[PDB]
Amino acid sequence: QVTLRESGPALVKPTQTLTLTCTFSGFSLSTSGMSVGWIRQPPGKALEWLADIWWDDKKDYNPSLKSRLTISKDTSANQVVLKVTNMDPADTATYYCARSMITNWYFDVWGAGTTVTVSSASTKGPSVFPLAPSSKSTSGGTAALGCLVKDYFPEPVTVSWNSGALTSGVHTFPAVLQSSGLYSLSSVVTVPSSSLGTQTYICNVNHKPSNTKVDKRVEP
């Protein structure tokens, strides 16, 4: 129905302040009864409600982290801002904004969420290497190929194939944290064996935390 979109840094340093912005459409925070709230989810943990704000400018905060939270709204711009002070590595999480209503008191529509990492380390873009198809990656009328997206920080990174024209058969593996402190993943796709000498396969890797765009051709 309605749509919401979060935006903010991918990386903040310990003790700095995070500023998250929610932009919404389809409803108005001038509409009586309307509300926007913030929820977070650390890696591998449960959802945790952070804050909310209502059309009458009343605000509410989770005591488990209050003194560090400030929610505000700009109804002319359809935006809500959350500020979290004195950021700690334990605040590394994906942050969502969501809509609620005085007739509801639950969040019915959520944004996609945005990922925030607290670290003293600096952003680093990935290296993309081909995982080339060959006789050792074939299985019946099928051959697997891929891209290794290595040594980047922080999360996330996105991978498409042939500018999105190739979607079926793609497994993009969850990143692993390496002993170097940098992340690494692979994206693989199976294709008809017969198409290897004809169809060009290019992986499109995007690392927004570092303004990095890479296209790698994967040849047999």
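Don't overthink the numbering: it's just position in the shown sequence, from 1.
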62-70 set against 44-52, stretch whose average Cα temperature factor tops the other in the entry: 62-70
Between the two ranges 103-111 and 87-95, the one averaging a larger CA B factor in the entry: 87-95
Top Cα B factor in the deposited entry, candidates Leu18, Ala10, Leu196, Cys22: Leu196
Residue, from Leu182, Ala175, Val170, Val36, that the PDB entry assigns the highest Cα B-factor: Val170
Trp161 CA temperature factor, ranked by third within the chain: highest
Third assignment of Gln79 from its chain's C-alpha B-factors: lowest
For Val116, the third of its chain into which the C-alpha B factor falls: lowest
Assigned third (lowest, middle, highest) for the C-alpha B factor of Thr190: highest
